[PDB]
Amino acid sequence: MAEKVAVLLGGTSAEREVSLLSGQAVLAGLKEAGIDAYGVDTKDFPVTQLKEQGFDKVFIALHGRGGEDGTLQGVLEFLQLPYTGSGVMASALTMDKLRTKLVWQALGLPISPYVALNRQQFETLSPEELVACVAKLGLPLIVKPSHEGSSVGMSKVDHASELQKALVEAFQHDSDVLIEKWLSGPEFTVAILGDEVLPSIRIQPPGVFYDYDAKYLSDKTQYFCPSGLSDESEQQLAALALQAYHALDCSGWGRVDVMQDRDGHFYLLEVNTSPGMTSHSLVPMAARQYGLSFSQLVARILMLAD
């Protein structure tokens, strides 16, 4: 019989409202393609019952916790249902910004100079020792929790005297914290669809961070596709992005986040393994510039689930 496809949407993360909109858009595009798709709001329906309900394949339009972090991927693996996007390991690994950075560094891929600190060091070290620990990074600094957490707990530290309060804030959210040399920007994202690298997008957040307000709420964020990069720089960025995505064992689709420093060198930030899928979200924008309609995009993502 024809495949019955579940579009997982909404859920219970902070990104619920955006996921409802992703899932709505995905459903309409699947419908336009003639795919027998059904919206499943996982706040109300347990994912562990999908095989029992008669689904054959899963389109993941969830964002954040319980959607893009390996938990859901593990449930679908247990159910033996094919599903979109990256597998368990890559989905979880991409949430862990420390271990993402370790993998990339071992491979020789570029990341901003940084220092990692765990809670037992933080409790053991004085403020002045903590300042000395990061002095090699210069000023300003970015301090963040190591794990992805809807953008929370990050600070830009302009003076050494401010480090302590930034560490206290970050350690409210995670027991590993990262202190990074500040990158000037600009910021970019590079969508990946199976083998294919899509046109980059330049991202201009309204504030210091491309955070939850910037990504999902504000109209002040600006995006540029094409990005403005030269052909030679676009080629270099594309190859870098694909290397970063493979480094983490990603598959199906995703997006790689990159920033430049003052001299134009690219640095890798992270990979998003369940990107927004509203009609004007990044991946649909990159895909339209590449030549795919929204419908074709979601059909392709789904064809890559096997």
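Don't overthink the numbering: it's just position in the shown sequence, from 1. Note that the rigid core is defined as the largest set of C-alphas that superpose within 1.5 Å between two forms.
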note = With the rigid core as the fit reference, the stretch showing the greater C-alpha departure in 5 other deposited structures of this protein, 277-285 or 249-257, is 277-285
82-90 against 121-129 - segment lying farther from this form in 5 other deposited structures of this protein (CA RMS, rigid core fit) = 121-129
inquiry  = Tell me whether residue 149 is absent from the model in at least one third of the other entries compared, counting only those where the residues either side are present.
reply    = yes
query = Is it true that residue 101 goes unbuilt in a third or more of the other compared entries of this protein?
reply = no
Segment of higher mean CA temperature factor, 153-161 or 125-133 = 125-133
key: Mean C-alpha B-factor comparison - 231-239 and 94-102, higher one   = 231-239
note = For 270, 249, 261, 69, the deposited C-alpha B-factor is largest at 261
note = Per the deposited B-factor column, the C-alpha that peaks among 219, 77, 213, 174 belongs to 174
note = For residue 197, the third of its chain by CA B-factor is the middle
inquiry  = Sorting by Cα B-factor within the chain, modelled residues only, which third would residue 182 end up in: lowest, middle or highest?
reply    = highest
task = Within this chain's modelled residues, let me know which third the CA B factor of residue 85 belongs to: lowest, middle or highest.
result = lowest
remark   = residue 274: CA temperature factor from the record, placed by chain third, in the middle
ask   = Can you tell me which third, lowest, middle or highest, the CA B-factor of residue 52 falls into for its chain?
value = highest
